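**Student:** pasting the first bit of my complex, frame unchanged:
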Amino acid sequence: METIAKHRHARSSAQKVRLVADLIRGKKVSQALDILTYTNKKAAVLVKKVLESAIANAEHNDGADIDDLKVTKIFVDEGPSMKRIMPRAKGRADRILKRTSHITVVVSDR
Amino acid sequence: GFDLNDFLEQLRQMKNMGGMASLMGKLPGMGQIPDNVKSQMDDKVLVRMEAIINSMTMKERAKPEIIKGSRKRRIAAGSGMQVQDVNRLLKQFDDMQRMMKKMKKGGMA
């Protein structure tokens, strides 16, 4: 794999995390923070972690020390959603799907 | 309030017997073969651990969370050990700082 990292579960819904992801693409890499470290939404704290793990895989699976790179890809997918119940009007309006995603960050060449 | 600088001294203070008759008996209910595994001829590892620390700078001995592969491939080059050997010391040390912080009077119960 051209240095990835991705995720799975944890729980943070799709769209929720899909929002912060758009913030980072193209340049990225050297943007391991700032364009992320200066935005607080749970989704952000999650993409950064895996962001670093990914950029870290640049010293193991492949060479090219952290400084170049690009991050030409970032997309979140819907991950199995947990189910639960919710006491309400005798039991009619209750479904609650926790939802969850990943991130799947990438870092190739420009 | 604790680091490698203090942990190293604990090794030098082993001049007097070092436990050749102390720690060797601090396990009446030996687990079939726990003794020799701990002492290890008192040189198989008991001495190597010290050497690995001696080849460390004042900065590394102060901060254990600042050592990387660039430093691990250097200590083993001088001491004579390998990369995994130096890692074991850091691991056993990590469990020491966590223990020397959750107690007060003996820590017994």
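**Tutor:** Received the coordinates, thanks. Numbering: from 1, shown residues only, chains lettered A, B, ... in the order given.
**Student:** Run through who's touching stretch B:45-61.
**Tutor:** B:3-5, B:7-8, B:11-12, B:39-40, B:66-67, B:71, B:74-76, B:78-81, B:85-86, B:89 (CB atoms under 8 Å, 6 or more residues apart in numbering or on different chains). Quick note: C-beta positions are derived from backbone N, CA and C, even for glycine.
**Student:** What segments of chain A are helices?
**Tutor:** With DSSP state H, the ranges of helices along chain A come out as A:14-23, A:42-56.
**Student:** ok, and what's touching the last one?
**Tutor:** The set of residues external to helix A:42-56 that reach it, using CB under 8 Å, 6+ apart, is A:3-7, A:10, A:12, A:16-21, A:24, A:29, A:32-33, A:36-37, A:66, A:69, A:71, A:74, A:102-103, A:105-107.
**Student:** The residue of chain A positioned farthest from its centre and residue A:96, how far apart?
**Tutor:** What lies farthest from the middle of chain A is residue A:90; by CA atoms, centre = their mean that is 37.9 Å. Residue A:90 is 16 Å from residue A:96, where distance means CB to CB, to the nearest Å.
**Student:** How about residue B:33?
**Tutor:** In this view, residue B:33 and residue A:96 are 55 Å apart by CB to CB.
**Student:** Give the next helix or strand downstream of the host helix or strand of residue B:39.
**Tutor:** Secondary structure assigned from DSSP states H and E places residue B:39 in helix B:35-39. Later in the chain than helix B:35-39, the nearest helix or strand by DSSP H and E is helix B:48-54.
**Student:** Report the distance from that following helix to the chain centre.
**Tutor:** Chain-centre distance of helix B:48-54: 8 Å, with CA atoms, centre = their mean, to the nearest Å.
**Student:** Buried residues, the helix or strand following it. List them.
**Tutor:** Next in sequence after helix B:48-54, counting helices and strands by DSSP H and E, comes helix B:58-62. For helix B:58-62, burial by neighbour count (16 or more other CB atoms under 10 Å in any protein chain shown) applies to B:60, B:61.
**Student:** now stretch B:88-95
**Tutor:** Neighbour-count burial for stretch B:88-95 [16+ other CB under 10 Å]: B:89, B:93.
**Student:** Residues contacting that stretch, please?
**Tutor:** Taking CB under 8 Å, 6+ apart as the rule, stretch B:88-95 contacts B:4, B:7, B:49, B:52, B:53, B:64, B:67.
**Student:** mind adding chain C? sequence follows:
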Amino acid sequence: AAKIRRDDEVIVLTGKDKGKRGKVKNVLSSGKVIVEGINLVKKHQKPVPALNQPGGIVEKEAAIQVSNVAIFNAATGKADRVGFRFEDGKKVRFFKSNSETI
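**Tutor:** Time to bring in chain C:
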């Protein structure tokens, strides 16, 4: 079924090593034939935490079907499909179709 007991010195058949010596083995009723002539390196890391922290990254058995060179005395194979008689009370193992019980 197998009858091939321990220390039973057999020879490798079917394939791979083949024509190899090997004896004893560790086959069991519906069990496995370690023998001695079936085993390629092995996979394993340093998990043992005992004073003997090894790696087991070597040594291992190579099951293989009981269908190995029958015991063999002179040449090879020599099926043991025969039954002795009036010997023992439990068993009465026979031997290759060459001679008699061995």
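**Student:** Same as before for the buried residues of stretch B:88-95, with chain C this time.
**Tutor:** Judged by neighbour count (16+ other CB under 10 Å), stretch B:88-95 contains these buried residues: B:88, B:89, B:93.
**Student:** And for stretch B:23-42?
**Tutor:** Under 16+ other CB under 10 Å, the buried positions of stretch B:23-42 are B:35, B:37, B:39.
**Student:** show me what contacts residue 11?
**Tutor:** Picking chain A for this. Residue A:11 makes contact with A:82, A:98, A:99, A:100, according to CB under 8 Å, 6+ apart.
**Student:** oops, I was thinking of chain C
**Tutor:** C:19, C:20, C:21, C:22, C:37, C:68, C:69, C:72, C:76, C:77.
**Student:** Scan those residues and report the most crowded one.
**Tutor:** Highest neighbour count within the contacts of residue C:11, by other CB atoms under 10 Å in any protein chain shown: residue C:68, with 25 neighbours.
**Student:** quick one: residue B:27 and residue B:35 touch, right?
**Tutor:** Yes. At 6.4 Å, residue B:27 counts as touching residue B:35 under the criterion of CB atoms under 8 Å.
**Student:** Identify the residue of chain A closest to chain C, quick one.
**Tutor:** In chain A, the residue found nearest to chain C is residue A:60; the distance is 17.8 Å by CB to the nearest CB.
**Student:** hmm, back to that, tell me if the helix holding residue B:39 is near chain C.
**Tutor:** Yes. Residues of helix B:35-39 contacting chain C under CB under 8 Å from any CB of the partner chain: B:36, B:37, B:38.
**Student:** And stretch B:52-68, what's buried?
**Tutor:** Buried, per 16+ other CB under 10 Å, within stretch B:52-68: B:52, B:53, B:55, B:56, B:60, B:61, B:64, B:67.
**Student:** from the buried residues of stretch B:23-42, which is closest to chain C?
**Tutor:** Nearest member of these to chain C, counting by CB to the nearest CB, is residue B:37, at 2.3 Å.
**Student:** Would you confirm that that closest one contacts residue C:51?
**Tutor:** Yes. Using CB under 8 Å, residue B:37 makes contact with residue C:51 at a distance of 2.3 Å.
**Student:** ok but residue B:7 is inside a strand, no?
**Tutor:** No. Using DSSP: H, G, I helix; E, B strand; the rest coil, the secondary structure at residue B:7 is helix, not a strand.
**Student:** In contact with it, which residues are there?
**Tutor:** Shown in contact with residue B:7 (CB under 8 Å, 6+ apart): B:53, B:93, B:96.
**Student:** throw chain D on there as well:
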Amino acid sequence: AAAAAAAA
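**Tutor:** So that you can see how it sits with the rest, here is chain D on the chains above:
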């Protein structure tokens, strides 16, 4: 007790 902990 120092040797009964660091070695324990």
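**Student:** ok chain D is in now, so what about the contacts of helix A:42-56?
**Tutor:** Helix A:42-56 is contacted from outside by A:3-7, A:10, A:12, A:16-21, A:24, A:29, A:32-33, A:36-37, A:66, A:69, A:71, A:74, A:102-103, A:105-107, using CB under 8 Å, 6+ apart.
**Student:** Separate out the buried members of those residues.
**Tutor:** Neighbour-count burial (16+ other CB under 10 Å) is assigned, among these, to A:3-7, A:12, A:16-18, A:20-21, A:24, A:29, A:32, A:36, A:69, A:71, A:74, A:102-103, A:105-107.
**Student:** just these that are near chain B?
**Tutor:** Of the buried ones among the contacts of helix A:42-56, not one also sits near chain B (CB under 8 Å from any CB).
**Student:** and those, which of them are in strands?
**Tutor:** Within the buried ones among the contacts of helix A:42-56, no residue falls in strands by DSSP state E.
**Student:** Please list the residues of chain D that sit near chain B.
**Tutor:** Counting by CB under 8 Å from any CB, chain D sits next to chain B at D:1, D:2, D:3, D:4, D:5, D:6, D:7.
**Student:** Quickly note the distance from the fifth one to residue B:1.
**Tutor:** The one in question is residue D:5. Distance from residue D:5 to residue B:1, by CB to CB: 15 Å.
**Student:** Please say which of the two ends up with more neighbours.
**Tutor:** Using other CB under 10 Å as the criterion, residue D:5 and residue B:1 rank with residue D:5 on top: 14 against 6.
**Student:** is it true that the more buried one touches residue B:99?
**Tutor:** Yes. In this structure, residue D:5 is within contact of residue B:99 by CB under 8 Å, at 7.3 Å.
**Student:** Could you name every residue contacting both of the two?
**Tutor:** With CB under 8 Å, 6+ apart, residue D:5 and residue B:99 have no common neighbours.
**Student:** contacting residues around the single nearest residue of chain B relative to chain D?
**Tutor:** In chain B, the residue that lies nearest chain D is residue B:23 (5.4 Å; CB to the nearest CB). If you count contacts by CB under 8 Å, 6+ apart, residue B:23 has them with B:38, B:39, D:3, D:7.
**Student:** For the third one, grab phi and psi.
**Tutor:** This points to residue D:3. Here is the backbone geometry of residue D:3 (degrees, to the nearest 10): phi -90, psi -10.
**Student:** how near is it to residue B:16?
**Tutor:** Counting by CB to CB - residue D:3 and residue B:16 are separated by 11 Å.
**Student:** Neighbour count for these two, which is higher?
**Tutor:** Using other CB under 10 Å, the more surrounded residue of residue D:3 and residue B:16 is residue D:3, with 15 against 8.
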